[PDB]
C-alpha cells in the first residue's frame, strides 16, 4: 500500500510491447511468476492491487479481466467511468496513489503493483519514496514499439536475493530469461 512495486518483462534491447502486444510469443511460465507475485498478498483478508495504463487494460483478453483476486486500477484521462470489470478509474498516477492510502481502502489492500504500460512505468519511476522493480530479463533481442525506462544503477540496488524469487536461469520455448529485483528506498 506504500512501497510501489513495478513488474515488467524486458527484452535484451529493453523492449516491452510491439503493436499493442508483447514483442515475444507467449511466455506462459513467466506469466505464472507475474500472477503469483501480483496476486500473493501477505495478509489473509487483504488483496494486492494492480495499477495499469488504459491500453494495457484493453490489451488483457476480456476473459482475463479484471486480473483476478486483485483490486484493479485503470488510469485514463479520457474515460469518465471505470472500464467494465475495473474496480477504480483514476485520471493520474497521483490520484491513484492517494486513493490507495485512504482509510476505507488501506485495510482491504496489501501490496501495490504497477503492471504497465511504458507511460505508467516512467511515472512510477519518477516517484520519490520506496520503489521496487521486479524485472524479467528476457535474454534475447526482439523488435519493439516501446521500451522500458533506463534503470539508473546509482538509484536502484539489485537485490542479491528476494523472498520467494528464484534466481536461476529459466527457459521456455527456446527463450531464456531470469528474475531480478531492484530497490530504490526512501
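Numbering follows the first chain given and starts at 1.
- Looking at mean Cα B-factors across 174-182 and 13-21, the upper value is held by 13-21.
- Between 58-66 and 122-130, it is 122-130 that carries the larger average Cα temperature factor according to the deposited entry.
- Note on 35, 29, 41, 140: the highest value goes to 140, judged by CA B factor as recorded.
- For residue 151, the recorded CA B-factor ranks within the highest third of the chain. Only modelled residues enter the ranking.
- When the modelled residues of the chain are ordered by their C-alpha B factor, residue 76 lands in the lowest third.
- Per the PDB record, residue ranking by Cα B-factor puts residue 136 in the lowest third of the chain.
- In the deposited entry, the Cα temperature factor of residue 117 places it in the middle third of its chain's modelled residues.
- When the modelled residues of the chain are ordered by their C-alpha B factor, residue 108 lands in the highest third.
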